[PDB]
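>>> this one's structure only:
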């Protein structure tokens, strides 16, 4: 025959999870602990926490 | 013609949010704070809170 069938099917999504390339680790300063931890528990926190 | 078509369609619900007419503001007494706040944080609360 002359005609040919082209690819178009469903084109499944390519989820295939990849590893994260951009990232970072940090230490939480007192600013967040002040606003996310209640005073009663915060005051008992030692300086080395 | 003689016959006429009456309204009945779907009668869409009238959601159309309105403003609240009845309301009030209050100050929470110690009764609720006692039962909703743990003792450790409550005891540190000043008298002016």
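Thanks, I have it. Numbering: from 1, shown residues only, chains lettered A, B, ... in the order given.

>>> ok, the residue in chain A that chain B sits nearest to - how many residues close by?
Chain B sits closest to residue A:40 of chain A, with a gap of 3.7 Å, by Cβ to the nearest Cβ. To be clear about C-beta, it is placed using only N, CA and C from the backbone, and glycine gets the same treatment. Neighbours of residue A:40 under the rule other Cβ atoms under 10 Å in any protein chain shown: 16.

>>> ok, it to residue B:36 distance?
14 Å (Cβ to Cβ, to the nearest Å).

>>> got a list of what residue A:41 touches?
Counting by Cβ atoms under 8 Å, 6 or more residues apart in numbering or on different chains, residue A:41 touches B:40-41.

>>> Helix or strand: which one has it?
Assigned by DSSP states H and E, residue A:41 falls within helix A:39-43.

>>> what's the offset of that helix from the middle of its chain?
Relative to its parent chain, helix A:39-43 has a centroid offset of 29 Å by Cα atoms, centre = their mean, to the nearest Å.

>>> Report how many residues lie close to residue A:38.
12.

>>> excluding its backbone neighbours, what's nearest it?
Counting by Cβ to Cβ, 6 or more residues apart in numbering or on different chains, residue A:38 lies nearest to residue B:41, which is 4.7 Å off, once chain neighbours are set aside.

>>> thinking again about what came up before, got a list of what the residue of chain A closest to chain B touches?
B:38, B:40-44.

>>> Could you point out which of these is nearest to residue B:24?
Compare each of the contacts of residue A:40 with residue B:24 using Cβ to Cβ and the shortest gap goes to residue B:42, at 25.6 Å.

>>> How about the closest one: what's its closest non-neighbour residue?
Nearest residue to residue B:42, sequence neighbours excluded (Cβ to Cβ, 6+ apart): residue B:33, at 6.5 Å.

>>> Run through who's touching the host helix or strand of the one you found.
Counting by DSSP H and E, the element that carries residue B:33 is helix B:30-36. For helix B:30-36, the external contacting residues (Cβ under 8 Å, 6+ apart) are B:42, B:45.
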